[PDB]
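Structure first, commentary second.
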Amino acid sequence: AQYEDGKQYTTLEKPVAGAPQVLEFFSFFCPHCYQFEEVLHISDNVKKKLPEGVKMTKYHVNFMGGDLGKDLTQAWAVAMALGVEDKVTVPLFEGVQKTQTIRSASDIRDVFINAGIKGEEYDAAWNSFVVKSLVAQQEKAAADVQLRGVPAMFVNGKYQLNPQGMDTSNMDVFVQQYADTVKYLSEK
C-alpha cells in the first residue's frame, strides 16, 4: 500500500496507554533536531495537517549535553508551564547550537528574560514542583516509548515515525511525506 509498517512508520510492540496523540521528542543539543525544527520545520508542517481534535506535544530529553542537557529539559518544563514554547524554541536552539552562548542554566534563563518573561516568574516556575513533575513526565514518556534517539515522533502511543524509510532528496518531499504520514497515523 501507500503507507506501510516498516516503511514510513513502525509499530511499538508495547503500545502506551494514555499517551499524547502526537508526541515529539527532541533536544536543544541535537544537531538533527535543529535541522528538524529550524530548517525543515517538521513540527509546523505536521500541525498544519492534523485533524481537528488533535494536539501536538513536544518533550525535551536529558541524554544529550550532560548537566546542561538536564537544565534544558527543566527549562522546557518551564516553557510548558508558562506556555511560552513559541517564544523560546528558536533562541534556545540558536543559543545552544548557532551562537553557542548557552553554556549554563543562567544563560538559558537569559533567553527567557530577553523574550519578555519576568525573572520572578521564571524563577518561581524553575523551582516549582509543577515543573518538577513536568520534568518527570518527559522522562516517563521517554521510558514508555523506550526512546533510543532524537528527533522522534510517536502517534497515539502506538506508532513511531520512521524517516529513514522515507525519501531524502527534496527536503520538501521528505517534509511533506513526514507530515502526511503523521496525519495518516492520527486517523488510524
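Each chain of the C-alpha cells is named A, B, ... in the order shown, its residues numbered from 1; ligands are numbered from 1 in display order.
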Please provide the set of residues having any atom within 10 Å of region 119-126 of chain A, restricted to only C-alpha atoms, with same-chain residues fewer than 3 positions apart removed, written as a PyMOL selection string. chain A and resi 71+74-82+109-110+112-114+116+129-132
Closest atom pairs, region 10-32 of chain A residues within 10 Å of region 87-105 of chain A, only C-alpha atoms, as JSON lines:
{"residue": "A:27", "atom": "CA", "partner": "A:93", "partner_atom": "CA", "distance": 8.9}
{"residue": "A:28", "atom": "CA", "partner": "A:93", "partner_atom": "CA", "distance": 5.4}
{"residue": "A:29", "atom": "CA", "partner": "A:96", "partner_atom": "CA", "distance": 6.5}
{"residue": "A:30", "atom": "CA", "partner": "A:97", "partner_atom": "CA", "distance": 8.4}
{"residue": "A:31", "atom": "CA", "partner": "A:97", "partner_atom": "CA", "distance": 7.5}
Mind writing the picked residues with C-alpha atoms as a PDB file, in the first residue's frame?
ATOM      1  CA  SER A  27      16.952  18.008  22.415  1.00  0.00           C
ATOM      2  CA  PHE A  28      18.306  21.539  22.014  1.00  0.00           C
ATOM      3  CA  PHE A  29      21.772  19.859  21.841  1.00  0.00           C
ATOM      4  CA  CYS A  30      20.730  17.663  18.936  1.00  0.00           C
ATOM      5  CA  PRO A  31      22.089  18.807  15.525  1.00  0.00           C
TER       6      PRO A  31
END
Give me the residues of region 125-183 of chain A that have any atom at most 10 Å from an atom of region 10-16 of chain A; for each, the nearest atom pair and the distance in Å, rounded to one decimal. Use only C-alpha atoms, sort by chain and number, and format it as JSON lines.
{"residue": "A:141", "atom": "CA", "partner": "A:16", "partner_atom": "CA", "distance": 8.8}
{"residue": "A:144", "atom": "CA", "partner": "A:16", "partner_atom": "CA", "distance": 6.4}
{"residue": "A:145", "atom": "CA", "partner": "A:16", "partner_atom": "CA", "distance": 7.0}
{"residue": "A:146", "atom": "CA", "partner": "A:12", "partner_atom": "CA", "distance": 9.1}
{"residue": "A:154", "atom": "CA", "partner": "A:12", "partner_atom": "CA", "distance": 9.2}
{"residue": "A:155", "atom": "CA", "partner": "A:11", "partner_atom": "CA", "distance": 9.7}
{"residue": "A:156", "atom": "CA", "partner": "A:16", "partner_atom": "CA", "distance": 7.9}
{"residue": "A:157", "atom": "CA", "partner": "A:16", "partner_atom": "CA", "distance": 4.6}
{"residue": "A:158", "atom": "CA", "partner": "A:15", "partner_atom": "CA", "distance": 4.7}
{"residue": "A:159", "atom": "CA", "partner": "A:11", "partner_atom": "CA", "distance": 4.5}
{"residue": "A:160", "atom": "CA", "partner": "A:10", "partner_atom": "CA", "distance": 5.1}
{"residue": "A:161", "atom": "CA", "partner": "A:10", "partner_atom": "CA", "distance": 6.6}
{"residue": "A:162", "atom": "CA", "partner": "A:10", "partner_atom": "CA", "distance": 6.5}
{"residue": "A:165", "atom": "CA", "partner": "A:10", "partner_atom": "CA", "distance": 9.8}
Could you take the residues named above and write them with C-alpha atoms, as a compact mmCIF listing (two decimals), in the first residue's frame?
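Saved as result19.txt:
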# COMPACT_ATOMS: atom_id res chain seq x y z
CA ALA A 141 7.25 9.36 28.33
CA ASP A 144 7.27 4.48 27.90
CA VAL A 145 8.21 4.56 24.20
CA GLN A 146 11.62 3.02 25.03
CA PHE A 154 5.04 8.84 18.16
CA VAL A 155 1.34 8.80 17.30
CA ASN A 156 -1.46 7.65 19.65
CA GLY A 157 1.17 5.86 21.74
CA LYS A 158 1.27 3.09 19.14
CA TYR A 159 3.21 4.14 16.01
CA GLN A 160 6.71 5.52 15.55
CA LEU A 161 7.63 7.77 12.63
CA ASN A 162 10.39 6.19 10.52
CA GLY A 165 12.05 4.72 5.33
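Across A:66, A:20, A:151, A:51, the tightest approach to residue 186 (chain A) is made by A:51 when counting only C-alpha atoms.
Taking CA of residue 171 (chain A) and CA of residue 37 (chain A) as endpoints, the distance between them is 12.7 Å.
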Residue with smallest distance to residue 61 (chain A) - pool A:35, A:127, A:8, A:138, counting only C-alpha atoms: A:138
If you run DSSP on the backbone, which residues of region 66-141 of chain A are helix (DSSP H, G or I), as a PyMOL selection string? chain A and resi 66-82+85-98+105-114+119-126+129-141
Residues at most 9 Å from residue 176 (chain A), counting only C-alpha atoms, excluding those fewer than 6 positions away in the same chain, as number ranges by chain? A: 42, 45-46
Enter the distance from CA of residue 83 (chain A) to CA of residue 49 (chain A), in Å, rounded to one decimal.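 Computing the Euclidean distance for CA of residue 83 (chain A) and CA of residue 49 (chain A) yields 22.2 Å.
Between CA of residue 33 (chain A) and CA of residue 152 (chain A) the interatomic distance comes to 9.1 Å.
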Have a look at A:150, A:17, A:143, A:115 and name the one nearest to residue 58 (chain A); count only C-alpha atoms. A:150
Contacts of residue 73 (chain A) within 7 Å, only C-alpha atoms, excl. fewer than 6 positions in-chain, as number ranges by chain: A: 60-62, 135
Now that the selection is made, can you save its residues with C-alpha atoms as a short mmCIF file (atom, residue, chain, number, x, y, z; two decimals), in the first residue's frame?
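Output saved as out_1.cif:
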data_model
loop_
_atom_site.label_atom_id
_atom_site.label_comp_id
_atom_site.auth_asym_id
_atom_site.auth_seq_id
_atom_site.Cartn_x
_atom_site.Cartn_y
_atom_site.Cartn_z
CA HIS A 60 12.78 17.53 25.76
CA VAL A 61 15.26 14.74 26.57
CA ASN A 62 18.13 14.55 29.10
CA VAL A 135 10.35 17.07 34.04
#
Please determine, counting only C-alpha atoms, which residue among A:86, A:142, A:7, A:36 has the shortest atom-to-atom distance to residue 167 (chain A).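 Selected residue with least distance to residue 167 (chain A): A:7.
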Distance criterion (only C-alpha atoms): nearest to residue 44 (chain A) out of A:63, A:111, A:133, A:24: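 Of A:63, A:111, A:133, A:24, the one nearest residue 44 (chain A) is A:24, counting only C-alpha atoms.
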How would you write, as a list in words, the set of residues in chain A that DSSP gives as strand (DSSP E or B)? residues 5, 9, 10, 11, 22, 23, 24, 25, 26, 56, 57, 58, 59, 60, 152, 153, 154, 155, 159, 160 and 161 of chain A
Select, from A:183, A:85, A:188, A:40, the residue with the minimum atom-to-atom distance to residue 168 (chain A), counting only C-alpha atoms.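 Of all the options, A:40 lies closest to residue 168 (chain A).
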